[PDB]
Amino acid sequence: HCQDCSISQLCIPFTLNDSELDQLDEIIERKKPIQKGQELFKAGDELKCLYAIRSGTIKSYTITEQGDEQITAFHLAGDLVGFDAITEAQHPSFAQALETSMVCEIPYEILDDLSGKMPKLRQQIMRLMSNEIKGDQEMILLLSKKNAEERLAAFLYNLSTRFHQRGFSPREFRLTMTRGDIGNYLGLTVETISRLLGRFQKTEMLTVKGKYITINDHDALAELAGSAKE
């Protein structure tokens, strides 16, 4: 159940000859679905497999000394979860599903075994890590230079894009995560998150119905997202 995949283009078997493909799936792709709110691993757990998101939504977080969750990323289908566990065979982070999700469990060593063995695989694994790094860098700029109007716009631009790539309307999409969770990730207040979407709707940039977002003006939206100003 893995040669079949409409996101393999952005997932892990990207640019594999059909021999590489029929081989990989043999060692992954089969985990009775993860339920909304259940975890894939706890911080401190040993690294065994990495997780490719087949369907659904997953957040990554930690807990502060004083006990608050802080979200470090949301994951969409095609995303790989577990990279930060490679350095030390161990998960520093939590991961939890936000909705019923399908997840492909890829055994790290076995994948590592087959990567030295596979140039196009090895290379693909690389840029995937490269890209998480790139993303995290963008997050850092978001939290230093962008104000709340911008942070949210950026966040919403990002999702919209990513859904586009995973073959969806760039126009319309639901927030699977809660407003609480969005505010967490973005250093904003559920109070503020809401207020902003108001303004966004007020300008006809955005239409908002429950958890469903509609973008009526990508150009406006990108201007706010790409600002980084005060």
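Just count from 1 along the sequence shown to find any residue number.
Novice: Averaging the C-alpha B factors as listed in the entry, name the stretch that ends up higher: 217 to 225 or 20 to 28.
Specialist: It is 20 to 28.
Novice: I need to verify one thing: averaged over C-alpha atoms only, is the B-factor higher for 29 to 37 or for 51 to 59?
Specialist: Taking the mean C-alpha B-factor of 29 to 37 and of 51 to 59, the larger value falls to 29 to 37.
Novice: If you check the C-alpha B-factor for each of 121, 143, 73, 154 in the entry, which is highest?
Specialist: That would be 121.
Novice: Highest Cα B-factor in the deposition, which of 147, 115, 96, 93?
Specialist: Within the set 147, 115, 96, 93, 115 shows the top C-alpha B-factor.
Novice: Would you mind ranking residue 110 by its C-alpha B-factor against the rest of the chain and naming the third, lowest, middle or highest?
Specialist: According to the entry, residue 110 has a C-alpha B-factor in the chain's highest third.
Novice: Using only modelled residues of the chain, where does the Cα B factor of residue 180 rank: lowest third, middle third or highest third?
Specialist: Bottom third by C-alpha B-factor.
Novice: When the deposited Cα B-factors of this chain's modelled residues are ordered and cut into thirds, is residue 128 in the lowest, the middle or the highest one?
Specialist: Middle third - that is where residue 128 ends up once the chain's C-alpha B-factors are sorted.
Novice: Quick one: classify residue 85 as lowest, middle or highest third of the chain based on its Cα B-factor.
Specialist: Ranked within chain, residue 85 CA B lands in the middle tercile.
Novice: Splitting the chain's C-alpha B-factors into thirds, which one does residue 104 fall into?
Specialist: Within its chain, residue 104 is a highest-third residue by C-alpha B-factor, going by the deposited values.
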